[PDB]
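# My sequence and its experimental structure, below.
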Amino acid sequence: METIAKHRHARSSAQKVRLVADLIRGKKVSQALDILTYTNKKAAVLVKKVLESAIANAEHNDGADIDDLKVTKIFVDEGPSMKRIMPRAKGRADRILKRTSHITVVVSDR
Amino acid sequence: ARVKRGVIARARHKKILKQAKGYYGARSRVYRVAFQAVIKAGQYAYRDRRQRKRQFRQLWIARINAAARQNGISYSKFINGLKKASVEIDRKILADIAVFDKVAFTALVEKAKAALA
Amino acid sequence: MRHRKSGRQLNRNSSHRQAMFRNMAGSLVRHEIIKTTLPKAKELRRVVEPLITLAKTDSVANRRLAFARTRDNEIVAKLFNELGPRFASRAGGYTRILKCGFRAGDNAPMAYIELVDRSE
Amino acid sequence: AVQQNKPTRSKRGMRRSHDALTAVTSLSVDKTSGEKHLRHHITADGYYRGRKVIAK
RNA sequence: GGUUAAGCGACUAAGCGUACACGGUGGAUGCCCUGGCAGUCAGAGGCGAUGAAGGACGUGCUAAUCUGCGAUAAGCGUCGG
RNA sequence: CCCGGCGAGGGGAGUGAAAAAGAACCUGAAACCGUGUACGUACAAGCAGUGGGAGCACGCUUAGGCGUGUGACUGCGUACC
RNA sequence: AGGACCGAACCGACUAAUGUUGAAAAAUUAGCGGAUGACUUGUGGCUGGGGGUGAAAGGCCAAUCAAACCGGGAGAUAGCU
RNA sequence: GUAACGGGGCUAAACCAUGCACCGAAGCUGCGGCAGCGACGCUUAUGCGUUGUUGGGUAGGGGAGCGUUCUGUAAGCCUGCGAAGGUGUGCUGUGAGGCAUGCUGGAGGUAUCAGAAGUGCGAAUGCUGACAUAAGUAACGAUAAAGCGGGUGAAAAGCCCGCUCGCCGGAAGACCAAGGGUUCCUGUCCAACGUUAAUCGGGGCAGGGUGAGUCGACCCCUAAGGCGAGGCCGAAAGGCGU
């Protein structure tokens, strides 16, 4: 059972969301839920929404009994970057990379 | 007639990368840097194809010296005795015999001593 | 080095800090409860509690000083009228701080500071 | 005030190794409401040490 | 079998390196083009004060662009296909 | 239909030869970023490779090595135009 | 009356500090000189490149001036890298 | 920083004479494999029962070859029981390369011999697009300053209202002139922007809003100056001017 769930084009950066993902990597659904709820990060809620989507998918589109479910594979990946021009001193122009990341959560009973 | 060289360039780059596969860092990822490794690797292989003979000769000489000194004779004296006895055996087989069968090496040493004296 | 010194700065000058403490104490004693960051409540205890300590007693000069502090006629009227007798039997610890998590805007330690009252 | 050569991903990962957070691992269950909350913090509903503290 | 001593000695990976499988940014290679470049065969080489080229503003049931048109305004009349 | 914030996106259902053909849409590689697997690494110094090289993890006929990954240690070894 | 005196707006930048991938491609704080006259300013024009203007420094002529910018000779030439 | 045997260290492991042994190179020898040069016994557009020798190489000169686009071969052949590209593997040739296949792909490719190159990239402080590095670091753009309460909202320090604290007030207030062109108001949303969030905005969509005989422009006259019927001058252009 895969029961995959992802949130593409997320505003949060992959480098900053991998830190939150590692905390819940390989932990039980309830433990991950509470850790994300009480984590002091925007990425915490960003990935808690994905975890809720995944568990709802498991409940409805797949087998019930979410109690014996574990987050087996979770990984954060970068997404398309938007180019923005920010004026600087001496007339110099630099480019600001509005980075977006793809987050995928896979939950399986075994 | 415009000719696109992308396929040929990619083929050559893949050949170089597969030759350089297994290296550390960018040496196995960047073609521009991996190309230096394969040339240096080839030079090292060319040097080692000659260095291996002399290194194995060194190791065999060390083993024969050890065995001869254990038996009670020096390597130079043992070789001189073999030459005087007209024995064409080489260091590789001598070292194999010394490592595996002690009685054979004892026979070699005693015959060499008899020839010398 | 700050060896044994007391008094937070709160990234504010003396005038701004004293005005902030005055306003916060006035609001706290007016509403019997407020929400503020934990350091703010910790530093506001040392300001609010002496207000109640002073209000314990009643006199013309005491009223004038209680007005000079907190600069609010309505607040001083509430003091000496309801804040006095309701704590005449309590010696210290007139305020209670309950941590309530972190603010969403900037993730600052939030805590509710209130009097030990409201048992209606 | 500038790098002579580009550092490698190995050194980058070694530096970032210490940037990982640590889970609270201190979820406390209320005696009365039986709700999870941060230690020495009031619950979301407003219950702390069994008795209510927020009245809202 | 136990007490003591000496010697030897794996099992750890916060992270990192190699090879494999799976992912992502990325538009390179492959194929197609009503799109361009150069010629041959022929016409013509001008448009215009009975108001030229090029434009502004309007023109549909439709808020906007393209295209055609001008208050007769995505158009009107005669004769043919 | 469900999660989600009457969003975005995703998961189910259906269309479709194909949906890792879903409009950020033909074929979809590289630099770059992660996950899991096997190995090595926290007393060991330098173009990070080559020759030797024990051990470990995967399949084979035979029961010994052979095919691949890793590779402690060791002699040599100061990138390219 | 003063090409007067001290001193606001206004004009300019003499000193110090910060700012040199700055708030700014010469800026900000305090001091600083003029502030009724050779003062300044709003508007509208005139003087166009070996030429204009210049209380004259080789200064300014649209952030570029010991000869501006734009297009052409022009893919000037380079015994040089 | 010992630093004038390489170090350890050596009273012979220091120096002179002699001898016998060994290590010691890609040097020679033994074997196998490849290519050029001259000969003779023979094959005669080529093998050699052969023989001797050569094979380090920059600039440079000579010869022989591999790869791709297209054209004739070619309306022939492979190809939807799978072409080209992509991606790993096993063989094969002194080599540029060649062959077959695991998976993606989806409809083009092309044997042998010839003909032409826009025919082979690793650099030129090279050009175009993307991604790392520094680095999750500086910074988040005058040191006039926010707090509490209620409301909406999923989320409130910044969105709406009330009380406090602070700043300009010859302005940090109100009108205009020049300059912008709907940014002005309402409803509606957080796709993108605000150097963070935002329910908010000078952001996205829709709608509404600009009323002049007395305001200004328009219009009469005109200064500096422009154009200029005729006219003067100048190769033309054109310059002056009534």
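Good, I have the coordinates. Numbers count the residues shown, from 1 in each chain, chains lettered A, B, ... in the order given.

# Of all residues in chain B, which one is closest to chain D?
residue B:25 (5.8 Å; CB to the nearest CB). C-beta: built from backbone N, CA, C; applies to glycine.

# Burial check on that residue, number of neighbours?
11 (other CB atoms under 10 Å in any protein chain shown).

# can you give me the helices for chain A?
A:14-24, A:29-37, A:42-61 (DSSP state H).

# is the shortest one up against RNA strand H anywhere?
Which is helix A:29-37. No - remark: helix A:29-37 sits outside contact range of RNA strand H, by CB under 7 Å from any atom of the strand, the gap being at least 12.7 Å.

# what does chain A put close to RNA strand H?
Going by CB under 7 Å from any atom of the strand, the residues of chain A near RNA strand H are A:11, A:13, A:15-16, A:78, A:81-84, A:86-87, A:97-99.

# one more time with 6 Å
Residues of chain A lying close to RNA strand H (CB under 6 Å from any atom of the strand) are A:13, A:15, A:16, A:78, A:81, A:82, A:83, A:98, A:99.

# near RNA strand F, which of these show up?
Answer for the residues of chain A next to RNA strand H near RNA strand F (CB under 6 Å from any atom of the strand): residue A:78.

# Could you export the residues of chain A next to RNA strand H as CSV, including neighbour count?
Output for these, formatted as CSV (neighbours: other CB atoms under 10 Å in any protein chain shown):
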residue, neighbour count
A:13, 18
A:15, 13
A:16, 15
A:78, 13
A:81, 14
A:82, 10
A:83, 8
A:98, 11
A:99, 17
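
# can you count the residues close to the closest residue to chain C within chain A?
Closest contact between chain A and chain C, by CB to the nearest CB, is at residue A:40 (5.1 Å). Residue A:40 sits with 10 neighbouring residues when counted by other CB under 10 Å.

# picking up where we left off before, skipping adjacent residues, who's closest to the residue of chain B closest to chain D in space?
residue D:8 (5.8 Å; CB to CB, 6 or more residues apart in numbering or on different chains).

# pretty sure residue B:80 is touching residue B:117, no?
No - here residue B:80 does not reach residue B:117: they are 11.3 Å apart, not a contact under CB atoms under 8 Å.

# Next up, identify which helix or strand the residue most central in space within chain B is on.
Centroid-nearest residue in chain B: residue B:52, 2.5 Å away (criterion: CA atoms, centre = their mean). In the assignment (DSSP states H and E), residue B:52 maps to helix B:31-71.

# in the helix or strand just after that helix, what's buried?
Per DSSP H and E, the first helix or strand lying C-terminal to helix B:31-71 is helix B:75-84. The neighbour-count check on helix B:75-84 (16 or more other CB atoms under 10 Å in any protein chain shown) flags B:75, B:78, B:79, B:81, B:82 as buried.

# centre of the chain versus helix B:75-84, how much separation?
The chain centroid and the centroid of helix B:75-84 are separated by 24 Å, computed with CA atoms, centre = their mean, to the nearest Å.

# Count the residues that sit near residue 37.
Reading this off chain A. Residue A:37 has 13 neighbours, counted by other CB under 10 Å.

# oops, chain B please
When neighbours are counted by other CB under 10 Å, residue B:37 registers 19.

# I figured it hits residue B:26, correct?
No - using CB under 8 Å, residue B:37 makes no contact with residue B:26, being 9.8 Å away.

# Between the two, which contacts overlap?
Here residue B:37 and residue B:26 have no joint contacts, going by CB atoms under 8 Å, 6 or more residues apart in numbering or on different chains.

# need the strands for chain D, in chain order.
Listed in chain order, the strands of chain D (DSSP state E) span D:28-29, D:36-37.

# so what's the residue in chain C that chain A sits nearest to closest to, chain neighbours aside?
Among all residues of chain C, residue C:107 sits closest to chain A, at 5.1 Å; criterion: CB to the nearest CB. Nearest non-adjacent residue to residue C:107, counting by CB to CB, 6+ apart: residue A:40, 5.1 Å away.

# gap between the one you found and RNA strand G?
Plainly put, residue A:40 is 29 Å away from RNA strand G if you go by CB to the nearest atom of the strand, to the nearest Å.

# which bits of chain C sit near RNA strand H?
So chain C meets RNA strand H at C:15-16, C:19-20, C:23-24, C:26-27, C:31, C:34-36, C:71, C:103-106 (CB under 6 Å from any atom of the strand).
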